[PDB]
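Residues take their numbers from the sequence shown, with the count starting at 1. Values reported hereafter were calculated over all heavy atoms of this structure, with side chains retained and with hydrogens, waters and symmetry mates removed.
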Amino acid sequence: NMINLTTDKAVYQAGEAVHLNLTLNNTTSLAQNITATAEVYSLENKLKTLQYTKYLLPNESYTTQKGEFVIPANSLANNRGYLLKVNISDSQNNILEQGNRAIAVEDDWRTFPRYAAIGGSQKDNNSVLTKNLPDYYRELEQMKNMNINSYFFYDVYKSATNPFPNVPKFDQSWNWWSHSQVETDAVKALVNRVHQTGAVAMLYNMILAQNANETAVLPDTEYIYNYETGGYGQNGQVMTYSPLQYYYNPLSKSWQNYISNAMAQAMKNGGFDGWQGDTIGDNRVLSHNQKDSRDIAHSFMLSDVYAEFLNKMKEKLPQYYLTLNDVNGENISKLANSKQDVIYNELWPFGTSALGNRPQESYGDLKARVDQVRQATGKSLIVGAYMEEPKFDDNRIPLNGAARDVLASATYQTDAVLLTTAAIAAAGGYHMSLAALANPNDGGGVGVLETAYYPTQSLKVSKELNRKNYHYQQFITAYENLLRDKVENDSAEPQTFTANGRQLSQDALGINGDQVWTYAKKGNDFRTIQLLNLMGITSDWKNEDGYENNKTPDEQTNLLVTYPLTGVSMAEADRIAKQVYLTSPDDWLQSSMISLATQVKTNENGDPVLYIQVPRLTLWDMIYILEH
Ligand SMILES: OC[C@H]1O[C@H](OC[C@H]2O[C@H](OC[C@H]3O[C@H](OC[C@H]4O[C@@H](O)[C@H](O)[C@@H](O)[C@@H]4O)[C@H](O)[C@@H](O)[C@@H]3O)[C@H](O)[C@@H](O)[C@@H]2O)[C@H](O)[C@@H](O)[C@@H]1O
Ligand SMILES: OC[C@H]1O[C@H](OC[C@H]2O[C@H](O)[C@H](O)[C@@H](O)[C@@H]2O)[C@H](O)[C@@H](O)[C@@H]1O
């Protein structure tokens, strides 16, 4: 629509007023009063109705000014998501335009992280440049209105041991493919704009690395050595990425001191709020004093000392946020007690699934990883799950279907991206998918991460995907309390049927496609049922095949969902049955919430069972059931 609803910030403290600006357009041929109505909802409850009316001539528009739409300080509870439902109507109450916008109120980003990337521009050798600020700014306005509360600044650093010096420009000289440069004033402008929105800025940097094209900052007593000759060189040899990088022992007091101090100054120079920690990978290793030993009990695994290393960084950088990418997410058990402010895992389909002996290649393996992290830590997993990743050989020969799409100048497959975002969010996580890259292929909106090198956008973001990403972000914010606020897997097993009794929910794990993937969650006060549409489609989350493997599932209508009230008396069942709602970020609802027709019956076991009527399922529905 053209409401161009905007807020003054991405996120609010409870003691803050929300300033809304919206445009009333007389898109009719008649001069008349045009009314904007904004209903404030907290889940199913309408808290307030705001409104504003102006007489407008045909084609005349008016953007509200500071003060005309305001949610006053202290009217909303802390650490909650709200939904503003906006309608612009004419003087006969016809609806001319409509749009829904979430509002996030929170102390800070760590409870419900909604993390987006910022990186260099492909059209400029991947550089971060002052001249690209207008495009970054337009992208950041969109991110702000999607309630983004944090940004991962990808490759804005000089070298791993000298991350952000006070110089006007440096060369990421380690970058041989594009010879990117960083203008530091551009990085600072971006950090400042992020801060105006109320968001935080995280600096990406490795935690153990010393670049190739530079000199050792410490002597070799502080390096880490290979136990076994393999991918990183010979046993008794300094742990070497190949020749590009060596690595220090995480138990080296001198390295800990060095990198903590280097990062303290870098973050201070940029105005960064914390450190997005990275590592390449795990290795069995020896200290310098053990480097000639062959006794495996004198060796150790890197991931085994990550926690203690992070705890040192936290102690040494107390005012800064901290997280460490656990590639594939395999070490939560070792990292559970570490002083990370948020949990971040980059997930690849070839990693081992939290479900056990299978690759994490399906939507259900994404849920399993989110769940495993919540069980271990109480926190919402931020997931890096890059979409499609078109790959070519050395002669531009497409190696997957997504690369064939690239050659056809095609778009990301919209529903493939949305389905992965839904899978992660429905489980209680957050899919870090959106990027501000000043990249032409994003068509004026935000980009979708496609590969570990964030700046790369080989496919175009259609206007459809851009608009639906926006709806999805609103849904993820507005319903955060239902998705990931003291919300756990439910032992009760809902199922989904066609209006004729054909069972559609076939695999609650979400490993298999061609189903309505159906499972329940429980909160203190309520139950939810996630329905994810995989009818007629496969369950692979990455869609490496692009459009060769269609990811638009068969739309469903008039579904029946059953939900057993295992504990419950027949008394509360008829109460509960009157308080069943559904919401969806898909076009038919766009986070609006509707009342569902429900009957109570009794199942094979003897419990009461809700028979819930679901009008429509496009990609993702959430049923919400109040139990008090
Ligand atoms: O034109 C050639 C080529 O350009 C792009 O790929 C370039 C390379 O990008 C990546 O390597 C650069 C990357 O290396 C380190 O980190 C690697 C990796 O580590 C993970 O833990 C993290 O989650 C990732 O996001 C991260 O990239 C540095 O720490 C980092 O600063 C630096 O950016 C990638 O690993 C290489 O394979 C690529 O060669 C285009 O993407 C590609 O189309 C094109 O072929
Ligand atoms: O009188 C008809 C008129 O009444 C309402 O609006 C009243 C009034 O509201 C504001 O003060 C505006 O600035 C004025 O132009 C309006 O007349 C209804 O909202 C409207 O639809 C209707 O035309």
Side-chain angles (χ1 to χ4, degrees), residues 4-23 63-73 76 78 81-82 84 101-121 128-154 156 164 182-204 266-276 319-321 341-342 432 434-438 442 444-447 470 473-474 477:
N4 190 49
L5 182 50
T6 62
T7 50
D8 66 314
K9 305 205 166 291
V11 299
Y12 295 88
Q13 302 283 336
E16 273 190 295
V18 179
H19 296 92
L20 298 153
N21 296 95
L22 74 90
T23 305
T63 300
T64 58
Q65 306 152 245
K66 293 98 204 305
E68 314 187 279
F69 276 97
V70 174
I71 302 149
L76 302 177
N78 203 1
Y82 298 91
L84 276 20
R101 162 63 192 272
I103 293 297
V105 181
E106 52 193 26
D107 296 313
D108 64 57
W109 75 296
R110 290 175 292 173
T111 303
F112 301 117
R114 293 182 306 280
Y115 204 25
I118 290 177
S121 177
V128 186
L129 291 182
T130 292
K131 70 160 147 75
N132 293 335
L133 288 177
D135 293 334
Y136 282 126
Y137 290 152
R138 184 187 60 253
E139 290 155 9
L140 292 175
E141 177 70 12
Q142 298 179 67
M143 297 284 205
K144 168 199 62 176
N145 294 309
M146 286 184 301
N147 317 294
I148 293 293
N149 59 21
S150 47
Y151 294 83
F152 179 147
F153 279 67
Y154 182 88
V156 303
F164 200 75
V182 183
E183 288 172 330
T184 61
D185 277 16
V187 179
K188 292 173 189 183
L190 291 177
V191 172
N192 292 342
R193 178 58 52 93
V194 159
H195 291 158
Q196 314 166 37
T197 75
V200 296
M202 299 286 281
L203 179 63
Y204 169 90
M267 294 186 289
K268 183 188 195 298
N269 292 351
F272 291 96
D273 303 276
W275 184 3
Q276 173 70 37
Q319 75 266 55
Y320 293 102
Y321 304 104
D341 292 291
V342 293
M432 178 199 71
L434 304 186
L437 311 161
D442 297 330
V446 314
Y470 174 95
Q473 299 298 305
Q474 307 307 330
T477 305

### Task
Name all residues meeting the side-chain hydrogen bond (donor to acceptor under 3.5 Å, both in side chains) criterion together with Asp108; count only those two or more places apart in sequence or in a different chain, and write none if there are none.
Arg110
### Query
When rounded to the nearest 0.5 angstrom, what distance separates CE in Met432 from CD in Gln276?
7.0 Å
### Minimum heavy-atom distance between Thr477 and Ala104, given as atom pair plus value
CG2-CB, 3.7 Å
### Query
Which heavy-atom pair separates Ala199 from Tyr151 by the least distance, and what is that distance?
CB-CE1, 3.4 Å
### Query
Can you name the residues that form a side chain to side chain contact (heavy atoms under 4.5 Å, CB included) with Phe69, not counting sequence neighbours?
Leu20, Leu22, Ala36, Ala38, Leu50, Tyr52, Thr64
### Task
Give the intermediate values and the outcome of side chain to side chain contact (heavy atoms under 4.5 Å, CB included) for residues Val11 and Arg114.
CA-CA 11 Å; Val11 299; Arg114 293 182 306 280; 3.2 Å; yes
## Note on the structure
What one should report as the nearest heavy-atom pair of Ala116 and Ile148 is CB-CG2, 3.9 Å
### Message
Rounded to the nearest 0.5 Å, what separates atom CD in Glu141 from atom NZ in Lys144?
### Response
3.5 Å
#### Entry: Any residue meeting salt bridge (charged side-chain N to carboxylate O under 4.0 Å, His left out) with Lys131, in chain and number order, not counting sequence neighbours
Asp124
### Contacts of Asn4 that satisfy side chain to side chain contact (heavy atoms under 4.5 Å, CB included) - sequence neighbours left out
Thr6, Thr23
### Summary
Sequence neighbours excluded, the answer for salt bridge (charged side-chain N to carboxylate O under 4.0 Å, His left out) partners of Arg101 is none
#### Entry: Polar side-chain atom of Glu139 near backbone of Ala438 as donor-acceptor pair, under 3.5 Å
yes
Only distances under 3.5 Å count here; give the side-chain donor-acceptor pairs of residues 183-191 to other protein atoms, sequence neighbours excluded, each with its distance to 0.1 Å.
residue: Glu183; atom: OE1; partner: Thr130; partner atom: N; Å: 2.8
residue: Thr184; atom: OG1; partner: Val167; partner atom: O; Å: 2.7
residue: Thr184; atom: OG1; partner: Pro168; partner atom: O; Å: 3.3

### Query
Can any side-chain N or O of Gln474 pair as donor or acceptor with the backbone N or O of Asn145 at less than 3.5 Å?
yes
### Task
Would you give the length of the straight line joining atom CH2 of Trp275 to atom CE of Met267, rounded to the nearest 0.5 angstrom?
7.0 Å
### Query
side-chain hydrogen bond (donor to acceptor under 3.5 Å, both in side chains) between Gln473 and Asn147: does it pass, once the steps are laid out?
CA-CA 8 Å; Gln473 299 298 305; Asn147 317 294; over 6 Å; no
#### Entry: For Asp273, all residues meeting salt bridge (charged side-chain N to carboxylate O under 4.0 Å, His left out), sequence neighbours excluded
none
### Message
Applying side-chain hydrogen bond (donor to acceptor under 3.5 Å, both in side chains), can you list everything that pairs with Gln13, at least two apart in sequence or on another chain?
### Response
none
### Query
Listed by chain and number, what are the side-chain hydrogen bond (donor to acceptor under 3.5 Å, both in side chains) partners of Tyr470, not counting sequence neighbours?
none
#### Entry: Stepwise side chain to side chain contact (heavy atoms under 4.5 Å, CB included) check, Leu84 with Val18
CA-CA 11 Å; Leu84 276 20; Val18 179; 5.7 Å; no
### Query
Roughly how far, to the nearest 0.5 Å, is OG1 of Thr197 from CG of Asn192?
11.5 Å
### Task
Please confirm whether the backbone N or O of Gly444 pairs with a side-chain atom of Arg138, one donor and one acceptor, at under 3.5 Å?
yes
### Query
Who are the side-chain hydrogen bond (donor to acceptor under 3.5 Å, both in side chains) partners of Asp107, not counting sequence neighbours?
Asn78, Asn79
### Query
Atom CG of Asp442 and atom CD of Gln142: how far apart are they, to the nearest 0.5 Å?
9.5 Å
## Note on the structure
Looking only at heavy atoms, the pair that brings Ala201 and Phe153 closest together is CB-CE1, 3.5 Å
### Message
Looking at every heavy atom in both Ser121 and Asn132, which two are closest together, and how far apart are they?
### Response
CB-ND2, 3.4 Å
### Query
Between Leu140 and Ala436, what is the shortest heavy-atom contact and its length?
CD2-CB, 4.4 Å
### Message
So, using side chain to side chain contact (heavy atoms under 4.5 Å, CB included) as the criterion, who are the partners of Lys9 when residues are at least two apart?
### Response
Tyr12, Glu16
### Task
Report the distance from atom OH of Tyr320 to atom CE of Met202, rounding to the nearest 0.5 Å.
12.0 Å
### Sequence-distant partners of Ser150, side chain to side chain contact (heavy atoms under 4.5 Å, CB included), two or more places apart
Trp109, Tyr115, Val200
